[PDB]
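Q: The amino acid sequence is not available; the structure is as follows:
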């Protein structure tokens, strides 16, 4: 959907303080698989970094220490976490009398 | 201030003490026209699949690491036919 | 760990490039919605020494797995006078489906099986459930548990009673007429000894609706194991020579392995010669030692010097199937390679399978295509004076104790595969 | 092989240091500079020179710009070595700089001592001592000429040379106060020294003579000189006590962008005494022996680095009642602040708190503007004066929160602040732009 | 907190931080031409020994040269207290010549004067550690000493000599070793039997430049401002015990001079710029019965005690008119260094700067004596009436007097450090102004 774009000033779209005066209610970064922002993330990642042509696997430049935090928006998005843990299987046995099965409640 | 060099992706390469001016200085340029076998960076696509586990097969085998023989088993270069230029791993920095 | 991640080269591509798995995230393949219940079976016939009893397994669950026979025995003597007495008591068990014999275990088989396939704490715990292992004294009472060792007794396998609506599954158990340290001491009966109490327990699996229906209605072909057994006279070992013998093996079916032992029929589990060295005979190591009676609680031993097999080879259709090897090969190396446990002296194994301890076939010898299968044995010379520890312990490879000539019985086993076909409520074996 | 083998080993990590290499180290280009000459000229001192007298001088326009000013004094020792402590520093009780009738700045003998304690160092500090005291065990009657440099903004850097040339209608004057008494010269503690000589004084101004083009521009162009000023508030110290930890909250009536604050506690009786007296070597007259008195300092060794004899336990500065920084121990202000901000060593009893990254330099590097702080306060906590000053075991083996019983004599507090203002010069006149 | 200072913003802050131009929290370092440095031993010709003259040609090994360190191995001919900067004393003089053109020439006394005036703090101490025995060493002790040269190209990378640009002109250093060194082969006037001759080695620190710079240095012409030492030795009007001797010394100096420096000394005792006295450190055995005011405590030859200095006052006159008001010798000893150097100068050594910062490389005001027909240094001496053997007299005296032993300080060394121009082109070079 509204996948954010890792820019030259924020190469990983991590939203540290990068939401000030430009998208304070920032949408999520990118899924990193869908909408391949990985190549442009690495392209933004260098912007004047000089590799030694001996590090052919792109690992000596401490790329493992760079990533995207699980929350890239201004909120922790507790509603998604809450809908992820609970909220599913609407209309419980207590309310409407069709979803009960002779056993007890779900666990 | 090297605004005119070989940008790999976002990085400027260095091979023999000097910044790589153009693609003609890289070693990959000597095999840039051959469909290489593997590209050395090896970016994984979409996560790897999980490790499926079960208590039936591991208990029935009692170890014995039963390996399947109906796989693809990607061959190597026959000794007679040299080594195809395709066997050189491309190190596409950019 | 960053300093290791940076150490990445061409040699690693074979291990981690285009990765297929991850160790840090697992998923399970199998699910259940199944329950397990322990249910007592009714025993028909009278329980007692020397009696035969039987039970029909009740159709309480859909599938069954473990079967444990409980036996209450009392001590007719002191600690050290018994040896796996609950194992000795259960002389044998037949498994029958639809009236067809499927299999049969023997007390000696349980002992041989254990000797080869159980191990470590598993083995100790087994001993705890079949013997007295904390120096119990005369009059002590104990409830023993003898698990059965049939083809359906690993958690991934079970017998589909639900798929056998018209055929009963029965167990026929023979109780020994005598059990050492319980109702007999060597050849003498123990006055006042109690008769055993027996109870048969079956662990049942209750399946959900879909799993249950499939078992109940679909045809099945279950790869099962069976035990073949032939008892025979041992060429008697002698101080004067190396006895030799050729035993014709009337075996059939894809066989995972062959196993055998030599024993003294008088003393259950005695697979070795008796000697005046600690544990090797009653009172061994001291003045009271007798090399005519074992230290029953220490009947088994790893000291190959008391074993009688010098060497052996198995001939198939007149061909030698392997080069002749020493008894210690069969006793120590074979189980090292094929099982991973430790086999006591006097017990031998030869495997045709990579891992006979599993369920999955891993190489078998099909004896249904073998017209002439023969076990060729060479025995050790029985020249060592069993009452003199120096003679017993300082000797050579080709000799054993003079008391080794008492191991006159030979038990040869073969464990094989068959196919148990079940359909339309009935079933039985494809091959016999 | 050799140095060339290092040059061979070039990679990506070098680009950041030598790629597209900008500058070198092996080709210095010196800049051509305006032609000038420097001359030391004696000024006429008006008023009588003597102890306790006030004198003054007007700097004549002999040259175009002025910088360094040194005041010479000739004194004779009133006692033997060990009786004086920076006596020429003590003698110059104060100096006031006025341009066109407007006070620009004013320094005090104690300020010179505080300044030195914080900002001069190593051989500079020693040479300074050589110019203001007797440091080669000179004896009574010994005569010496002392040179006391002034430290006004134009007396520290050529960059702020005062443009007398552009002050054609405004006189520049220095007013000096000579101390009524100088220890070991005309008085020994409270006792006058009979026969002590009166000082001979001379004020030397080092003038810059500019060439024609530079001279002309100075004479006609307006100028804006960023200058330093010293603010000072003297006050009573909550008297330290053997019975407790005295405390005090001092309103700081300071203004302007302040580079730093500095302060000390002292006993006005003895110039430069910022610590308590004790019977340990150098800590009192006769210290270390039977004749030691912890009522009089070893004047020649008045200063010390032994913080055990200092009185500040801790301090903080508040701005409008809010803590500026967390409360820190007196030893923080004495040792760490100057370590970090100056790079020298500060004597016990003298404290510094900077608002600047580099307070020892000319270029502003962070300031606290007290002209916009309605109520700044210095909050002090003192050490408990329970240590028997006459017993080294007690003096030297004691705890962090205590000091000498003789530390209760350190009742005066001097708080200084150095700030930045603007001196504007135009059409022959000039003065400071910000009054408050 | 810190925030409470940031908000205290008003009109007086505008002149410090309004419309800010710079910061302090983002240092971007300047990139620089890549180079490497190697210390390389030169071959020194001529027998090495006391009183001998030896020399070396610097090979064109690297591209540029800077530091030169002369190593010497000396041994103690007596106990601690008998030597004073003996490796410095040993190197009597050093002459710098390019293509047969003298560029400069230094004397052991200059090294001592230079140090006394311009080094300081731990630099001065570390220096002493490389030229003397400073850990109370005993007779027979052997040490390697390192005497850095102080020619203009030996003080900064900025003036490294572009040897690469001098294909046809050699650079040579001529060194003279003193006939005698105190506490090494002589003790006062007495030779020390069995004294060893010194071992000498000369090391030149070469700069190896990367490719583009080597090319430019080799082909482009160069011009450097350089420093030179002018030196005129002379007799001091003999100081007198009866009056204040005085002397007008015509200064035969030339070129834009950064500063003048001078000292008075007893030519017998290296580094002695002050009178001897029976006060601790001021003479051999000072402070006790065995004290003599005829021999110094060599290990403590120098002092900051002005009472032992000879000069009363001085001025510099140019073409008949005073250049500045007459000031006391103590002004040239303590104040000039305060103002211009920031270190501490030993008694008997004087400085008068024409430069704002004479200790630096950048010219900051000079006196061009090539345009002063008659420059004169005018010196007035103290009356040498103080009985050097009596501390009461030595220490309790007046400004205008000194020790009777100050009359031994009859040698005067006047130095002038000036700026000249070194030009190098097409493989050759030399100076714009000859002497």
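A: Received, thanks. Numbers count the residues shown, from 1 in each chain, chains lettered A, B, ... in the order given.

Q: Now for residue C:105: which residues touch it?
A: Contacts for residue C:105 were tallied using CB atoms under 8 Å, 6 or more residues apart in numbering or on different chains; they are C:92-93, C:148-150, C:227. For every residue, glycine as well, the C-beta is placed using N, CA and C.

Q: and chain B, which of its residues are near chain D?
A: Residues of chain B that fall close to chain D, judged by CB under 8 Å from any CB of the partner chain: B:1-2, B:12, B:14, B:17-19.

Q: Out of the contacts of residue C:105, the closest to chain B would be?
A: Nearest to chain B out of the contacts of residue C:105 is residue C:149 (CB to the nearest CB; 14.7 Å).

Q: so where do the helices sit in chain A?
A: Using DSSP state H, the helices found in chain A span residues A:38-46, A:78-85.

Q: Comparing those, which comes out most buried?
A: Using mean count of other CB atoms under 10 Å in any protein chain shown, the stretch among the helices of chain A with the largest mean neighbour count is helix A:38-46, at a mean of 18.

Q: related to what we said a few turns ago, including distance to chain E, could the helices of chain A go into JSON lines?
A: Below are the helices of chain A laid out as JSON lines (distance: least, CB to the nearest CB, whole Å):
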{"stretch": "helix A:38-46", "distance to chain E": "19"}
{"stretch": "helix A:78-85", "distance to chain E": "31"}
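
Q: I'd like the distance between the spatially most central residue of chain A and residue C:293.
A: For chain A, the residue nearest the mean C-alpha position is residue A:70 (4.8 Å; CA atoms, centre = their mean). According to CB to CB, to the nearest Å, residue A:70 stands 75 Å off from residue C:293.

Q: and residue A:60, how far is that from residue D:11?
A: 11 Å.

Q: Now do the shared contacts for these two.
A: With CB under 8 Å, 6+ apart as the test, residue A:60 and residue D:11 both reach residue A:52.

Q: quick one: the strands in the chain?
A: Since you didn't name a chain, this refers to chain A. For chain A, applying DSSP state E gives no strands.

Q: not quite, I wanted chain B
A: B:51-53.

Q: Report how many residues lie close to residue C:394.
A: Residues lying near residue C:394 (other CB atoms under 10 Å in any protein chain shown) number 10.

Q: same thing with the one 10 residues further on?
A: Burial of residue C:404 is recorded as 30 neighbouring residues (other CB under 10 Å).

Q: how close does it sit to chain B?
A: Distance from residue C:404 to chain B, counting by CB to the nearest CB, to the nearest Å: 35 Å.

Q: Spell out the secondary structure type for the nearest residue to that residue once chain neighbours are set aside.
A: Excluding its sequence neighbours, the residue lying closest to residue C:404 (CB to CB, 6 or more residues apart in numbering or on different chains) is residue C:273, at 3.6 Å. Under DSSP: H, G, I helix; E, B strand; the rest coil, residue C:273 falls in the coil class.

Q: what's the nearest residue to residue 46 if we skip its chain neighbours?
A: No chain specified, so I'll use chain A. Closest to residue A:46 by CB to CB, 6+ apart is residue B:10, at 2.6 Å.

Q: Not quite, go with chain C.
A: Spatially, and ignoring its direct neighbours in sequence, residue C:46 is nearest to residue C:53 (7.0 Å; CB to CB, 6+ apart).

Q: helix/strand/coil for the one you found?
A: Following three-state DSSP, we place residue C:53 in the strand state.

Q: was I right about it contacting residue C:44?
A: Yes: the criterion here is CB atoms under 8 Å, and residue C:53 meets it with residue C:44 at 6.5 Å.

Q: who has more neighbours, these two?
A: Comparing residue C:53 with residue C:44 by other CB under 10 Å, the one with more neighbours is residue C:53, at 17 against 12.

Q: what's across from that one in the sheet?
A: residue C:173 (DSSP bridges).

Q: ok and the residue in chain B nearest chain E?
A: residue B:17 (8.6 Å).

Q: Who are the contact partners of that residue?
A: Contact analysis of residue B:17 by CB under 8 Å, 6+ apart lists D:10-11, D:14.

Q: contacting residues for whichever residue of chain B sits closest to chain A?
A: Residue of chain B nearest chain A, by CB to the nearest CB: residue B:10 (2.6 Å). The contact partners of residue B:10, by CB under 8 Å, 6+ apart, come to A:42-49.

Q: Is residue C:328 located within a helix, as I assumed?
A: Yes: the assignment for residue C:328 by three-state DSSP puts it in a helix.

Q: Quick check: closest non-adjacent residue to the residue in chain B sticking out farthest from the centre.
A: What lies farthest from the middle of chain B is residue B:60; by CA atoms, centre = their mean that is 37.1 Å. Spatial nearest neighbour of residue B:60, excluding adjacent residues (CB to CB, 6+ apart): residue C:359 at 4.7 Å.

Q: can you confirm the one you found is in a helix?
A: No: applying three-state DSSP, one finds residue C:359 to be coil, outside a helix.

Q: Can you give me the buried ones in stretch A:15-29?
A: By 16 or more other CB atoms under 10 Å in any protein chain shown, the buried positions in stretch A:15-29 come out as A:15, A:18, A:26, A:28-29.

Q: contacts for that stretch?
A: A:1-4, A:6, A:9-10, A:12-14, A:37, A:68, A:71-74.

Q: Please apply the same query to stretch C:293-300.
A: Against stretch C:293-300 from outside (CB under 8 Å, 6+ apart): C:79-83, C:115, C:131, C:180-181, C:186, C:267-271, C:274, C:279-284, C:344.

Q: residues contacting residue 44?
A: The chain I'm using is chain A. Residue A:44 is in contact with A:6-8, A:11-12, B:10, counting by CB under 8 Å, 6+ apart.

Q: think we crossed wires, I meant chain C
A: So residue C:44 contacts C:53-56 (CB under 8 Å, 6+ apart).

Q: any idea how far residue C:168 is from it?
A: With the distance defined as CB to CB, residue C:44 ends up 12 Å from residue C:168.

Q: Check residue A:71 too.
A: 64 Å.

Q: again, but for residue C:284
A: 49 Å.

Q: So these two - more neighbours on which side?
A: Set residue C:284 next to residue C:168 and count neighbours by other CB under 10 Å: residue C:284 wins out with 24 against 14.
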